[PDB]
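Chains as they are written, first to last, in this note's numbering: chain Z, 11 to 121; chain V, 5 to 198. Here a beta-carbon is modelled for each residue, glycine too, at the ideal position from N, C-alpha and C. Before any comments, here is the structure.
See below:
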């Protein structure tokens, strides 16, 4: 894999956590971001950023914040005010001619 | 019967300039006046042929090369030009005969959050020869130390994305380009005007 994720785990509702991702290839001028897949659901976009702009899924706006270090080809997802619905496998993502995916990191939010 | 100009000019997606498309157009009738009145072209010039006389001419074949670049780069699609596009992506010869046609495609090719599908080549060992195409993705060695498959400083994946977003300045907005080459062979013509 070219995308290596870190962070994740179990948190209570209202809590926070932070996902990290480092690429071993250059995504300069290309997008990096985060997708997630709930059990029995289709993988959907969480947030992405790049020279084309920053976009968030409507459900995470005001709670999740994506950031990116272009020099290290790293992308981060600060997840605040976690909700039970936020429970999913979170994937680091990039696109450079084809899709690149991380291993997938379990995020569990319970009350 | 009628030349399939619609397939080229109105394709839902265009090619990246580094992998510029070429469509061979043969055995058909071409009305270049209708084509001129087809859209609001910002560029529609010709070299070695008169535009207003295209409907009077017959050619052996016509080749339509099509791609997307940004506005500021449309000037490079011409004989005797230099720059990233002319040097590394799409090169016309000094004696080019044909027509260059370009129109703003911001409504079609830009997207909120970025459309990254259109790419260009930023690095190459040498300049392209006229009408050459390079679709390789080998890591470019810009320095003295060999890359050996590892990207880093002076070791670059050679393609970069335009990342068009809808509120870019017009020089950074996408423009669709069609270059028409009119081939004259010592054989019966297959593409004529009305």
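Quick one, which of V:153, V:174, V:108 has its alpha-carbon nearest residue 200 of chain V's?
Nothing can be reported for residue 200 of chain V: it is not among the residues displayed for chain V, which extend from 5 to 198.
Chain-ordered neighbours of residue 167 of chain V on chain Z, where CB pairs are closer than 9 Å
By 1-based counting over the second chain, the position of residue 167 of chain V is 163. Going along chain Z in sequence order, the residues near residue 167 of chain V (Cβ under 9 Å) are 39, 40, 41, 60, 61, 62, 63.
Return yes when the Cβ of residue 134 of chain V is within less than 7 Å of the Cβ of residue 97 of chain V, no when it is not.
As a first step, residue 97 of chain V must be located in the second chain, where it is residue number 93. As a first step, residue 134 of chain V must be located in the second chain, where it is residue number 130. Contact flag set, yes.
If you follow the beta strand (DSSP E) that residue 53 of chain V is in, where does it begin and where does it stop?
Here residue 53 of chain V refers to the residue found at position 49 when the second chain is read from its first residue. Here residue 53 of chain V belongs to no beta strand (DSSP E), and DSSP marks it neither H nor E.
Measure the alpha-carbon distance for residue 84 of chain V versus residue 94 of chain V and round it to whole angstroms.
Sequence index remark: in the second chain, residue 84 of chain V carries index 80 (1-based). Sequence index remark: in the second chain, residue 94 of chain V carries index 90 (1-based). When rounded, the distance between both Cα atoms is 12 Å.
C-beta contact flag for residue 175 of chain V and residue 76 of chain V at 7 Å
Here residue 175 of chain V is taken as the residue at index 171 of the second chain, counted from 1. Here residue 76 of chain V is taken as the residue at index 72 of the second chain, counted from 1. Contact flag set, yes.
What is the residue span of the beta strand (DSSP E) that residue 74 of chain Z lies within?
Residue 74 of chain Z sits at position 64 when you count from the first residue of the first chain. Run containing residue 74 of chain Z: 74 to 79, per the beta strand (DSSP E) assignment.
Among the candidates V:165, V:24, V:105, whose CA atom is the shortest distance from the CA of residue 42 of chain V?
In the second chain, the residue the question calls residue 42 of chain V occupies position 38. The residue with the shortest Cα to Cα distance from residue 42 of chain V is V:105.
Contact list for residue 44 of chain Z against chain V, beta-carbon separation under 9 Å:
Numbered from 1 along the first chain, position 34 holds the residue referred to as residue 44 of chain Z. Ordered by position in chain V, no residue passes the 9 Å Cβ test against residue 44 of chain Z, which lies about 13 Å from the chain.
Please say whether residue 19 of chain V and residue 25 of chain V have beta carbons closer to each other than 7 Å?
Here residue 25 of chain V refers to the residue found at position 21 of the second chain. Here residue 19 of chain V refers to the residue found at position 15 of the second chain. The answer is yes: Cβ separation under 7 Å.
With residue 11 of chain Z as the anchor, note down where its alpha helix (DSSP H) starts and where it stops.
Translated into the one-based positions of the first chain, residue 11 of chain Z becomes position 1. Premise fails: residue 11 of chain Z is in no alpha helix (DSSP H) and is neither H nor E.
For residue 88 of chain V, which three-state DSSP category applies?
On the second chain, residue 88 of chain V is found 84 positions in, with the first residue counted as 1. If DSSP states are grouped into helix, strand and coil, residue 88 of chain V belongs with the helices.
Within the 7 Å Cβ cut-off, does residue 164 of chain V reach chain Z?
Numbered from 1 along the second chain, position 160 holds the residue referred to as residue 164 of chain V. So yes, residue 164 of chain V belongs to the interface.
Could you run through the stretch 68 to 87 of chain Z and flag, in chain order, every residue whose CB is less than 7 Å away from some CB of chain V?
When CB distances to chain V are screened at a threshold of 7 Å, not a single residue of the stretch 68 to 87 of chain Z falls below it.
Please classify residue 109 of chain Z: does DSSP put it in a helix, a strand, or coil?
Here residue 109 of chain Z corresponds to residue number 99 of the first chain, with the count starting at 1. If DSSP states are grouped into helix, strand and coil, residue 109 of chain Z belongs with the strands.
Residue span of the alpha helix (DSSP H) that contains residue 113 of chain V, given as start and end
Here residue 113 of chain V corresponds to residue number 109 of the second chain, with the count starting at 1. Counting along the chain, the alpha helix (DSSP H) containing residue 113 of chain V begins and ends at 110 to 113.
I want to verify the contact list: residues of chain Z whose CB lies under 7 Å from the CB of residue 155 of chain V, in sequence order.
For the purposes of this step, residue 155 of chain V is identified with residue 151 of the second chain, where counting begins at 1. Chain Z residues near residue 155 of chain V: 35, 36.
Does the separation of the CB atoms of residue 119 of chain V and residue 168 of chain V fall below 7 Å?
What you label residue 119 of chain V is simply residue 115 of the second chain in a count that begins at 1. What you label residue 168 of chain V is simply residue 164 of the second chain in a count that begins at 1. A contact, by the Cβ cut-off of 7 Å.
From Z:101, Z:111, Z:36, pick the residue whose C-alpha is nearest to that of residue 18 of chain Z; which is it?
Looking up residue 18 of chain Z in the first chain gives position 8. The shortest C-alpha separation from residue 18 of chain Z is found at Z:101.
Counting only beta-carbon atoms, is residue 105 of chain Z nearer than 7 Å to chain V?
The count along the first chain starts at 1 and reaches residue 105 of chain Z at position 95. Interface residue, yes.
Using beta carbons (cut-off 7 Å, strictly below), is residue 18 of chain V in contact with chain Z?
On the second chain, residue 18 of chain V is found 14 positions in, with the first residue counted as 1. By this cut-off, residue 18 of chain V is not an interface position.
Secondary structure of residue 187 of chain V, DSSP reduced to three states
For the purposes of this step, residue 187 of chain V is taken as the residue at position 183 of the second chain. If DSSP states are grouped into helix, strand and coil, residue 187 of chain V belongs with the strands.
Does the count of Cβ pairs from the stretch 105 to 114 of chain Z and the stretch 72 to 89 of chain Z closer than 8 Å reach three?
The stretch 105 to 114 of chain Z vs the stretch 72 to 89 of chain Z: no contact.
Residue nearest to residue 58 of chain Z in terms of C-alpha spacing, selected from Z:52, Z:89, Z:67, Z:20
By 1-based counting over the first chain, the position of residue 58 of chain Z is 48. Minimum Cα distance to residue 58 of chain Z is reached at Z:67.
Could you pull the start and end residues of the beta strand (DSSP E) that residue 10 of chain V belongs to?
Stepping through the second chain from its first residue, residue 10 of chain V is reached at position 6. Not the beta strand (DSSP E): residue 10 of chain V falls in the alpha helix (DSSP H), residues 9 to 13.
Proximal chain C residues relative to residue 161 of chain V, where beta-carbon distance stays under 8 Å
The displayed structure is made up of protein chains Z and V, and chain C is not among them.
Below 7 Å between beta carbons: does that hold for residue 9 of chain V and residue 186 of chain V?
As a first step, residue 9 of chain V must be located in the second chain, where it is residue number 5. As a first step, residue 186 of chain V must be located in the second chain, where it is residue number 182. In this structure, residue 186 of chain V does not lie closer than 7 Å to residue 9 of chain V by Cβ.
Could you round the C-beta distance between residue 103 of chain V and residue 27 of chain V to whole angstroms and report it? I think they count as a contact, below 8 Å.
Residue numbering aside, residue 103 of chain V sits at position 99 when the second chain is read from its first letter. Residue numbering aside, residue 27 of chain V sits at position 23 when the second chain is read from its first letter. Rounded, the Cβ-Cβ distance is 15 Å, inconsistent with contact.
Just by C-beta distance, which residues in the stretch 89 to 118 of chain V are closer than 8 Å to chain Z?
115, 116, 117, 118
List the residues of chain Z that residue 2 of chain V touches, going by C-beta distances under 7 Å, in chain order.
Lying outside 5 to 198, the shown extent of chain V, residue 2 of chain V is not represented and no answer is given.
I need the straight-line Cα distance from residue 177 of chain V to residue 67 of chain V, nearest angstrom please.
On the second chain, residue 177 of chain V is found 173 positions in, with the first residue counted as 1. On the second chain, residue 67 of chain V is found 63 positions in, with the first residue counted as 1. Cα to Cα, residue 177 of chain V sits roughly 26 Å from residue 67 of chain V.
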